[PDB]
Amino acid sequence: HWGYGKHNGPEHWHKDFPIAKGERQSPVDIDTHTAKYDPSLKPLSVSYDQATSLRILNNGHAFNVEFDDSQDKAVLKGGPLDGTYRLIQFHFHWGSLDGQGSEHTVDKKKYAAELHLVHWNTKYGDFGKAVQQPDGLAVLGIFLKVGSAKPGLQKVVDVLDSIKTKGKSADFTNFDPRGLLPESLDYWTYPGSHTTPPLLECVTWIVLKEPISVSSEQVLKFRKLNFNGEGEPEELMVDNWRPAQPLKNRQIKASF
Ligand SMILES: [Zn+2]
């Protein structure tokens with residue numbers, strides 16, 4: 001099936017998911033000079049004090065931190081959004097080297113990694129139904145640069161050993177997502193899609209301007225993950241990012 005290799009990479013996805021070359025595909029390049037300042041844009045509201053993490057899993061394309069979304073426990077509202085979005089999971093995209101890894105780019109600049117906090121619109125009742133709506137999801141994107149270590153991230157780094165290969169999972173309770181947020185909530189927003197198959201065009205992108213710094217050692221551990229299942233040839237999980245897609249008329253607005 002699809003992956004990030006030469007034979008099943010992003011350039012091949014269109015064959016199985018024709019929407020690959022749709023009109024509101026993601027990620028894109030954020031041109032800071034063309035992005036439009038919108039004063040009608042409300043401040044983001046991140047309510048994660050009562051978040052409940054459950055576990056972490058290696059799905060063979062990335063690692064996911066799953067949360068209990070049976071109640072309005074960890075929610076996102078305000079900004080360009082209408083209604084309440086519930087956090088379901090978070091994952092990252094990274095590279096083989098520090099000069100690449102982000103999906104979205106700023107003025108063509110690539111970051112070391114990119115964190116995705118995925119949320120679904122409650123009016124649709126479940127994740128599965130939300131992915132069928134134009135306003136079904138809301139993903140908060142955060143860039144990672146290499147500098148100083150991120151204390152909040154270390155809990156996640158230490159558990160990777162446990163989910164080395166495709167299909168493994170481990171209990172992961174009492175993880176507070178708040179340790180991964182930058183100081184500023186200033187952002188860019190545009191309508192787009194998921195960055196992995198089914199690449200459904202149901203996402204309201206919310207990309208934070210201010211990146212979070214992670215240490216060399218922390219990102220190094222990400223790079224030790226495997227795409228492959230256990231007992232199979234070892235394929236390091238690196239460069240699990242999709243290249244920037246055409247804006248195609250769409251407009252990127254700024255909250256600042
Ligand atoms: Zn993602």
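Just so it is clear, the values below take in all heavy atoms, side chains as well, and ignore hydrogens, waters and symmetry mates. Whatever order the structure lists ligands and atoms in, that order sets their numbers, starting from 1. Residue numbers count from 1 along this sequence.
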Taking the six-membered ring of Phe256 as reference, does the cationic atom of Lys209 (NZ for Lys, CZ for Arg) lie under 6.0 Å from its centre and within 45° of its axis?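 Yes.
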Do any pairs count as a side chain to side chain donor-acceptor pair (under 3.5 Å) and have a residue in residues 145-159, sequence neighbours left out, and if so which ones?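 Residue pairs passing side chain to side chain donor-acceptor pair (under 3.5 Å), neighbours aside: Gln154-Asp158, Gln154-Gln218.
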Residues clustered with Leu220, ILVMFWY side-chain links under 4.5 angstrom: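 None, because no other hydrophobic side chain comes under 4.5 Å of this residue.
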Strictly under 2.8 Å, how many protein N, O or S atoms lie near the Zn ion (ligand 1)? Waters don't count.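 Those protein atoms number 3 in total.
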Does any pair with a residue in residues 141-164 pass ring-ring contact (aromatic ring centres under 6.0 Å, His included), and if so which ones, sequence neighbours excluded?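 Of all non-adjacent pairs touching residues 141-164, those that pass ring-ring contact (aromatic ring centres under 6.0 Å, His included) are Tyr111-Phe143.
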Do any N or O atoms from the side chain of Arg250 and from the backbone of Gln25 form a donor-acceptor pair under 3.5 angstrom?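 Yes, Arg250 side chain to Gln25 backbone: donor-acceptor pair under 3.5 Å.
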Candidate pair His104 and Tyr190, rule ring pair (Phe, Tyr, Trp, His ring centres under 6.0 Å), full reasoning: CA-CA 12 Å; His104 296 90; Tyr190 82 90; 5.7 Å; yes
